[PDB]
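Listed next as structure tokens is one chain, alone, in the form deposited without the named molecule.
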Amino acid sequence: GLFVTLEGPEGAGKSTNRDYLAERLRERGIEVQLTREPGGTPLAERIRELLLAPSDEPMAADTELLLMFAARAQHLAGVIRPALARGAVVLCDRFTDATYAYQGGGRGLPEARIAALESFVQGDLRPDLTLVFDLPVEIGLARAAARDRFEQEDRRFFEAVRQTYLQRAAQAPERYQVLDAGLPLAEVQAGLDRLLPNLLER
């Protein structure tokens, strides 16, 4: 099977580009399992709700980080590892890169703390490829106003999230493809068409 993750803000066309990529796989042999984090199983989605619902009790950062990883542990067991087991391609909206970006970059938790949970929860399992939908934050912020606890975050939070994805990509370039989601969809999908050979390769 193949484990592909998609990262970036929702105003970035992630969803429509995921559908584009899923169509290209299904018109070939390929089983596609679409999924998203936090969530993807009934229990993971209950955890999602705790994470996204605003509250008058401020959630501790260590709490947010641990809930993200709890949902991930359930999701890996309920959905991701089985998919991969039967040779499917998983197209997962957000994964541990998002933890580095939102909880590490956004919240300022130490990368070491995130890296330690990543190893505990996932073992050696990492995405085979990660698509970063990169977008200047003003566009991201406009699109969020036009459209939860994260949507309501400030400018400096979102700047940290964007640049953390870009740093993560730069450190392990064989695992990432950065896409300029400020381009019109046609040129973004052209870019996806260009990755498909490699993706089918893996």
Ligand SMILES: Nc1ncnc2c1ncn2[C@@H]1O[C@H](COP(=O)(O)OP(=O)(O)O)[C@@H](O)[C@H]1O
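The first residue of the shown sequence is 1; numbering continues from there. What we label the rigid core is the largest C-alpha set whose atoms superpose within 1.5 Å from one form to the other. Residues that one form lacks are left out of the comparison.
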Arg147 left out of the model in a third or more of other PDB entries:
yes
Where both flanking residues are modelled in the other PDB entries compared, is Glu138 itself missing in a third or more?
yes
Unmodelled deposited residues between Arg147 and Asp148, binned
1 to 3
Out of 42-50 and 151-159, which one has CA B-factors that are higher on average in the deposited record?
151-159
State which stretch shows the higher mean Cα B factor in the entry: 138-146 or 52-60.
138-146
Please rank the C-alpha B-factors of the chain's modelled residues and tell me whether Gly87 sits in the lowest, middle or highest third.
highest
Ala22: C-alpha B-factor third of its chain, per the entry, is the lowest
Chain-relative C-alpha B factor for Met68 (record values, thirds): the lowest
CA B-factor placement of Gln33, once the chain's modelled residues are sorted into thirds
middle
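Not on display, but discussed next: the form deposited with the named molecule bound.
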Shown-form site status with respect to the named molecule as positioned in the bound PDB entry after superposition (2.4 Å backbone/C-beta criterion, 3+ atoms):
blocked
Is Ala22 a contact residue for the named molecule in the bound PDB entry, using a 4.5 Å heavy atom cut-off?
no
Is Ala190 close enough to the named molecule in the bound PDB entry to count, meaning some heavy atom within 4.5 Å?
no
Does at least one non-hydrogen atom of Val178 fall within 4.5 angstroms of the named molecule in the bound PDB entry?
no
Distance check, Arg143 to the named molecule in the bound PDB entry, heavy atom within 4.5 Å
yes
What residues in 3-33 sit within 4.5 Å of the named molecule in the bound PDB entry, counting heavy atoms only?
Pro9, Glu10, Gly11, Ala12, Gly13, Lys14, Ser15, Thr16
Shifted position (C-alpha, 2 Å or more, core held fixed) between the shown form and the other one, chosen from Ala60, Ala142, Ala53, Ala172:
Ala142
Rigid core aligned, which consecutive-residue runs (three or more long, every Cα at least 2 Å shifted) show up between the shown form and the other one?
140-147
